[PDB]
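Structure 1 and structure 2, given next as structure tokens, are two forms of the same protein chain, each shown alone.
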Structure 1
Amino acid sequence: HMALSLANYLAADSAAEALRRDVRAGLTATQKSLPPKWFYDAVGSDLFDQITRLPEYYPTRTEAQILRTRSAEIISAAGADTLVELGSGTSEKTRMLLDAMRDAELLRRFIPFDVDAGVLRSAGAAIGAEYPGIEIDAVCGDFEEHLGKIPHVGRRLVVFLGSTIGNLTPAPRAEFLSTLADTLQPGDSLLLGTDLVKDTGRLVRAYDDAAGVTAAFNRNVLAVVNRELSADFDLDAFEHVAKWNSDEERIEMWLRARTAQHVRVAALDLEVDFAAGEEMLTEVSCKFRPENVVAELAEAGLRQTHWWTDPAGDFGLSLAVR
């Protein structure tokens, strides 16, 4: 139920100032963009959750099927008694790993790391109930600044699923993996999910679903700016566009102005203009080739010891060690 330890390294005032800096930079650039760090408020996070269940969004069920069939092998390979989860604690994927650790009579500790303390408290309560006696040490932080705050107690399996790593472009991605690798002791393991290059139509449809849910997620980034920075974006005036960028092998989401728009962002003392048809970059989702996953891990100081992939080659999971 309520047994918990929780450390909180994210302050409201610090987040508000970062949002102001990031939005000003994006909206005043000649090629406009909005910073994805701020897309995932409560509404945005729930819309993303819904995306994970859409028929076109293959990553979640694909990764789940890999875990469903290989979680025992993963847990045996890791030999860990402590599961560190980078992001959330709410998914069935988490429970597949915890269940396998319990089956192996190894499970002692769960360390969820996420930006939302409320979500962490919910996860603590649910997991504490399901695995009586488990120690839960939650960390509320940003995995680009607070990885050093993750406790080093135990033999730790650190998991970063969902190809969330694809939301980082190459420079911050390398910095993240390097920083993460530096926190791993001998005996610790990283389990990394990566969505793989594949048929471009399938890739684009995963981010442009027939039901319009991804489009709602995308437009909600404007609602966040409207609310937090007292802006007057007309959500209805922007069209959702998903593209495959073949040079960078990433999906890009864009908002395209239907007609010319004048936007006042009062909190920034800023007025910006969109031409009819002008596009603004929002979320990106980098996709990987299996050989390059090995190389990226090696560049960070990690050796890939295991690779699991579905039979169609849609998605991959790596286990890697120092």
Structure 2
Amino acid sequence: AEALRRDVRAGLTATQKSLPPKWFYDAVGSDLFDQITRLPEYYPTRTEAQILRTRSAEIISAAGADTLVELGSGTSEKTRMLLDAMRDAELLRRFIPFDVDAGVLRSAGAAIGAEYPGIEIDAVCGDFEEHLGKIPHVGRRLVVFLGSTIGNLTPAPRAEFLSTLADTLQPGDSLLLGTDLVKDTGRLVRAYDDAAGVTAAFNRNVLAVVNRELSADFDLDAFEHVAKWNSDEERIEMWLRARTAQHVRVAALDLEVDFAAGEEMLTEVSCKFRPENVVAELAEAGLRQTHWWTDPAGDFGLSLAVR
């Protein structure tokens, strides 16, 4: 609660307004993201799923893990391919989902616990930039971070995250990391600006979160969804653009802020990767990439790495 107060105050009073994307993921937002994963324009989920379908047995063989830790786990739908391979290999003992959204952990924990009789479920609620120490150091761990969620951190915080995560890995542990790759810029923008309007609803939902949690009065349909490709930084950006001037009261903060007509507020970055740079970022964090896989079109990459 304090985290949200501080993030919203800092974000809305900055000259370039912004909100952190972790706050998209309340119950409504997590469900909207689940819908995003099945949009025709949003290739990341099905392409990473393709790689996992092909490579899960190999990944499990390489890792030899009895414990799957998943960061930003969400519904853990793709994760079931890894869990199935761990069960086939007679290795699976434990699943540790980690997420900021307590609801999605309760749902996924319940489902996975039932689908895999005899495995321990130990859900951890937290922010993966601050609370990795809540994850138990137990067993032989395959730590999984799918979806290119690592791209939702800009380069300095990403490097700090990776180094911190690397320092939690013991010998015998492995990191499986999904990274979305640089590609045609039209395909990229459309993946964040679908015909169905679902991404736009997901984006505007951060305003609903602030409205509810902090007693604010954002008018959601006064804000236009804008997805941009930033070619200098090689990242997708999501923005909310005020269609007309807006006066917003955030009552829990005793705060009033103004949006000019046309004023844009940054709600998310999604950094896109060049394959050879993924090796370098891992190495910088003290991790040796041991395997690299891509889908048949080269849209998406999956790394396995160790200390």
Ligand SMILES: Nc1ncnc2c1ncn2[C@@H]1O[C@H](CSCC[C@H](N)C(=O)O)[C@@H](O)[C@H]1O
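Rigid core: the largest C-alpha set superposing within 1.5 Å between the two forms. Residue 1 is the first residue of structure 1, and the numbers go on in sequence order from there.
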query: Form deposited with the named molecule bound, given as structure number; finding: 2
query: Rigid core superposition between structure 1 and structure 2: residue from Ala174, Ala126, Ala210, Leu235 with Cα shift of 2 Å or more; finding: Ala126
query: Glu252 C-alpha moves between structure 1 and structure 2 by 2 Å or more, core aligned; finding: no
query: Core-superposed comparison between structure 1 and structure 2, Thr90 Cα displacement 2 Å or beyond; finding: yes
query: Rigid core fit then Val139 CA moved by 2 Å or more between structure 1 and structure 2; finding: yes
query: Value in Å for the CA shift of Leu222 between structure 1 and structure 2, taken after the core is superposed; finding: 0.6
query: Once the two forms are fitted on their core, CA shift of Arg108 between structure 1 and structure 2 in Å; finding: 2.4
